[PDB]
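S.K.: Mind having a look at this structure? Questions to follow.
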Amino acid sequence: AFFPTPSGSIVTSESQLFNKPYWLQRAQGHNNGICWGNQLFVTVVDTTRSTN
Amino acid sequence: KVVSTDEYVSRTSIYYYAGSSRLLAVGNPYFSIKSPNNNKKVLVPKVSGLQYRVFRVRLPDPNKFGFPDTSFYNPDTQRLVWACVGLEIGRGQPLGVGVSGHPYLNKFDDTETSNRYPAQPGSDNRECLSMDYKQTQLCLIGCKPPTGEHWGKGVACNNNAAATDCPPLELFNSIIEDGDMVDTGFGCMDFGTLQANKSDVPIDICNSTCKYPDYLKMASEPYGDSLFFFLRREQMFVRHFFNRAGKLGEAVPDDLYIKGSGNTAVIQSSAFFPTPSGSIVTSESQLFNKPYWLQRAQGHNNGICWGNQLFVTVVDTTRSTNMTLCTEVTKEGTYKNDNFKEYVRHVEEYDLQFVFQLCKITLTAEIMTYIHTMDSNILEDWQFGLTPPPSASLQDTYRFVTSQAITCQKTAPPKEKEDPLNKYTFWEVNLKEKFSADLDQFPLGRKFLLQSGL
Amino acid sequence: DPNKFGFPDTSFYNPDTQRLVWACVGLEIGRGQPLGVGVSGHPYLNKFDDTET
Amino acid sequence: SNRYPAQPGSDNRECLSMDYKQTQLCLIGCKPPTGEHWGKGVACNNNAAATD
């Protein structure tokens, strides 16, 4: 019964995903950004700002 | 109500280059060495590739210039100010990263392949080790020196609680003076107060306050006089895994692990820490020896440098090589160990070029309000809105100053106290007597004319 | 030297009040070997101990 | 790690193996292609060659 270990790699600012603009001219679904109920739901997951 | 900076100045049709000399900087990359007999007598200053190199130019005043053509400038109402349009950071050293490391590092074990029970106790297990740092390259420009936060101490509060004993935490934004340390992957925090063992971090950091550029606060500044234009590029990854050596106060809760016995009756540490290291450092992803034609700033100040001065900050670890000196004491014919005294030195090389464009400001009375609510100090250096000083006649006149009609005469007030920024050690560069008007005699004005589309 | 060239045509070149010079416009570096890194080493290098782990 | 006194021995040959470089090339010709290699030749047998 075996299991390996995950180990990560290097992390650059060149291939980041934050502090950059976004414009939603056309979404994928049918709601084009119309937020019902006067609320939003944003979720973000990072692991690269996680010093101890 | 704020406004942008393209509606009350005007670009002229004249351009100026100025350029510094080649900067020299040498020292020891581990500690400053003072006198044994005195504290303030430095011998070799501590400079490495890990210091926030902060230069501050002093561009000469425009209104002290006398032109043969006095047509474009009105001295009755208009004034001048300088603007930055082109800029250069020069580097002249071979590429290579240096190593640092504390000789008494708080490494208990290594925790990556095998740590066999039982633990190895003993009240002293610090040892010597060394490692690479997180490589970093970035640059900032502005007319106000850049701000920086850090993590620090503080009061928790009053003793209503009787829960535990753990230190508090609080951020503090400060002014980034020169000589301060760059982060390398161990928290933007002061190790001089938050740590007590002084035996976990290499020696360059342990009595420092390593800070980090707050991009968020500077962008959220109203006038925007602290971020003209900036880049950054950095990377890191892991090297090993170690663990601390001490009683972990915040112990592991009981339900989340099955207790052992016999050889497995004691619990080891649960505080781990990795060691960072840079990757390959190419010459392709360099950030300097390249022109920067500023077109439009992200703030509102579009290059107008109030106060006739600029601030450049730059950090680089890719030229952090370490020269190892080796001299002897007694000449032998056979090898010895006590016959050599060694030293370690680190060099540093910089250069700066600048392209300036002067600008006139029509001064009507509604605009100088907007200058006044910017800050009051700009308007007085132009000597524009002042008061007539009253108080005509005095009689403090005596023919003989050392006599017996004494009034105990005292003079020399401290009235030339004007600079609030004098509490921070910058790197001054004298640029007042280094101008010229012929751009085509320089290795950057030739690059300027090809970019201008003339 | 360019001035030692007796040209068959003289109608483009006055030797009394002109001279000639050369200039590079083409440039090439030729290699002819397999690729490989060399290694050297001191037989008495000043290594005291290890300091990695 | 070569912390050392001298080491004796008559033969110290061992069993080793390693890979080589990956290398892709192709070429088309009218004449069959010509290459080169280094090799031994004349020695000119003169001037006190104390090195073989």
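In the structure tokens, the first chain shown is A, the next is B, and so on; residue numbers restart at 1 for each chain, and ligands run from 1 in the order shown.
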Pick out the chain C residues within 10 Å of chain B. Count only C-alpha atoms. Give them as a ChimeraX atom specification.
M.R.: /C:50-53
S.K.: Those residues you just picked out, can you put them in a file as a PDB file, in the first residue's frame with N, CA, C and O atoms?
M.R.:
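Heads up, here's the output in selection-v2.pdb:
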ATOM      1  N   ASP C  50      31.060  20.654   5.517  1.00  0.00           N
ATOM      2  CA  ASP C  50      29.803  20.881   4.821  1.00  0.00           C
ATOM      3  C   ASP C  50      28.971  21.900   5.589  1.00  0.00           C
ATOM      4  O   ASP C  50      29.121  22.071   6.799  1.00  0.00           O
ATOM      5  N   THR C  51      28.098  22.601   4.859  1.00  0.00           N
ATOM      6  CA  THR C  51      27.132  23.481   5.505  1.00  0.00           C
ATOM      7  C   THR C  51      25.771  23.467   4.815  1.00  0.00           C
ATOM      8  O   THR C  51      25.079  24.493   4.808  1.00  0.00           O
ATOM      9  N   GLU C  52      25.363  22.341   4.240  1.00  0.00           N
ATOM     10  CA  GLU C  52      24.063  22.279   3.585  1.00  0.00           C
ATOM     11  C   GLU C  52      22.949  21.898   4.548  1.00  0.00           C
ATOM     12  O   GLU C  52      22.011  22.674   4.750  1.00  0.00           O
ATOM     13  N   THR C  53      23.032  20.713   5.146  1.00  0.00           N
ATOM     14  CA  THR C  53      22.042  20.277   6.123  1.00  0.00           C
ATOM     15  C   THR C  53      22.637  20.045   7.499  1.00  0.00           C
ATOM     16  O   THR C  53      22.165  20.626   8.482  1.00  0.00           O
TER      17      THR C  53
END
S.K.: Using backbone DSSP assignments, extract all helix (DSSP H, G or I) residues from range 213-296 of chain B; output them as number ranges by chain.
M.R.: B: 215-219, 254-256, 262-264
S.K.: Keeping C-alpha atoms, export the residues of the selection given above as a PDB file, in the first residue's frame.
M.R.:
ATOM      1  CA  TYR B 215       1.363  48.834  -3.511  1.00  0.00           C
ATOM      2  CA  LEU B 216      -2.191  49.072  -2.194  1.00  0.00           C
ATOM      3  CA  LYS B 217      -1.809  52.146   0.017  1.00  0.00           C
ATOM      4  CA  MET B 218       0.245  54.054  -2.551  1.00  0.00           C
ATOM      5  CA  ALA B 219      -2.289  53.420  -5.309  1.00  0.00           C
ATOM      6  CA  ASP B 254      -5.584  15.695  22.128  1.00  0.00           C
ATOM      7  CA  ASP B 255      -8.450  14.532  19.901  1.00  0.00           C
ATOM      8  CA  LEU B 256      -6.608  15.002  16.596  1.00  0.00           C
ATOM      9  CA  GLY B 262       6.866   2.932  25.166  1.00  0.00           C
ATOM     10  CA  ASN B 263       9.305   4.435  22.704  1.00  0.00           C
ATOM     11  CA  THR B 264       6.433   6.582  21.387  1.00  0.00           C
TER      12      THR B 264
END
S.K.: Quick check, in Å to one decimal: how far apart do CA of residue 108 in chain B and CA of residue 258 in chain B lie?
M.R.: 23.4 Å
S.K.: Based on only C-alpha atoms, which of the residues in chain A come within 6 Å of chain B? I want them as a ChimeraX atom specification.
M.R.: /A:10-13
S.K.: Pull the closest atom pair for each residue of range 26-50 of chain A that gets at most 12 Å from range 14-17 of chain A, along with the distance in Å to one decimal, counting only C-alpha atoms, ordering rows by chain and then ascending residue number, as CSV.
M.R.:
residue,atom,partner,partner_atom,distance
A:44,CA,A:17,CA,10.4
A:45,CA,A:17,CA,10.6
A:46,CA,A:17,CA,9.4
A:47,CA,A:16,CA,11.6
A:48,CA,A:16,CA,9.6
A:49,CA,A:16,CA,11.5
S.K.: Could you write out the selected residues, including C-alpha atoms, as a PDB file, in the first residue's frame?
M.R.:
ATOM      1  CA  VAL A  44     -10.600  33.247  -4.176  1.00  0.00           C
ATOM      2  CA  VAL A  45      -8.033  30.544  -3.422  1.00  0.00           C
ATOM      3  CA  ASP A  46      -4.309  31.283  -3.204  1.00  0.00           C
ATOM      4  CA  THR A  47      -1.494  29.326  -1.573  1.00  0.00           C
ATOM      5  CA  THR A  48       1.482  31.394  -2.669  1.00  0.00           C
ATOM      6  CA  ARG A  49       1.215  34.094   0.018  1.00  0.00           C
TER       7      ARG A  49
END
S.K.: If we count only C-alpha atoms, what is near residue 4 in chain C at a cut-off of 12 Å, once residues fewer than 2 positions away on the same chain are taken out, given as a PyMOL selection string?
M.R.: chain C and resi 1-2+6-7+15+19-21
S.K.: Export, as a PDB file, in the first residue's frame, the selected residues with N, CA and C atoms.
M.R.:
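Full text of part_0.pdb as output:
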ATOM      1  N   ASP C   1      44.525  47.806 -47.786  1.00  0.00           N
ATOM      2  CA  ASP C   1      44.330  49.238 -47.950  1.00  0.00           C
ATOM      3  C   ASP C   1      43.532  49.509 -49.219  1.00  0.00           C
ATOM      4  N   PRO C   2      42.560  50.420 -49.183  1.00  0.00           N
ATOM      5  CA  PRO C   2      41.761  50.685 -50.382  1.00  0.00           C
ATOM      6  C   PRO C   2      42.481  51.513 -51.419  1.00  0.00           C
ATOM      7  N   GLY C   6      44.102  49.827 -58.109  1.00  0.00           N
ATOM      8  CA  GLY C   6      44.005  50.480 -59.395  1.00  0.00           C
ATOM      9  C   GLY C   6      42.742  50.043 -60.098  1.00  0.00           C
ATOM     10  N   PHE C   7      41.750  50.899 -60.097  1.00  0.00           N
ATOM     11  CA  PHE C   7      40.467  50.512 -60.642  1.00  0.00           C
ATOM     12  C   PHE C   7      40.461  50.650 -62.160  1.00  0.00           C
ATOM     13  N   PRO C  15      41.176  60.834 -57.014  1.00  0.00           N
ATOM     14  CA  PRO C  15      42.276  60.601 -56.076  1.00  0.00           C
ATOM     15  C   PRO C  15      42.925  61.864 -55.539  1.00  0.00           C
ATOM     16  N   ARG C  19      39.460  60.101 -50.499  1.00  0.00           N
ATOM     17  CA  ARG C  19      40.107  58.862 -50.099  1.00  0.00           C
ATOM     18  C   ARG C  19      39.040  57.782 -50.061  1.00  0.00           C
ATOM     19  N   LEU C  20      39.402  56.602 -49.569  1.00  0.00           N
ATOM     20  CA  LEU C  20      38.430  55.536 -49.374  1.00  0.00           C
ATOM     21  C   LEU C  20      38.635  54.891 -48.014  1.00  0.00           C
ATOM     22  N   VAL C  21      37.548  54.341 -47.470  1.00  0.00           N
ATOM     23  CA  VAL C  21      37.553  53.596 -46.216  1.00  0.00           C
ATOM     24  C   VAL C  21      36.598  52.422 -46.358  1.00  0.00           C
TER      25      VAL C  21
END
S.K.: If you count only C-alpha atoms, which residues fall within 9 Å of residue 354 in chain B, apart from same-chain ones fewer than 6 positions away, as a ChimeraX atom specification?
M.R.: /B:16-20,84-88,444
S.K.: Considering only C-alpha atoms, extract the chain D residues located within 12 Å of chain C and return them as a ChimeraX atom specification.
M.R.: /D:1-4,20-23,35-38
S.K.: Please provide the set of residues having any atom within 12 Å of residue 24 in chain A, restricted to only C-alpha atoms, with same-chain residues fewer than 5 positions apart removed, written as JSON, numbers by chain.
M.R.: {"A": [29, 31, 32, 33, 34]}
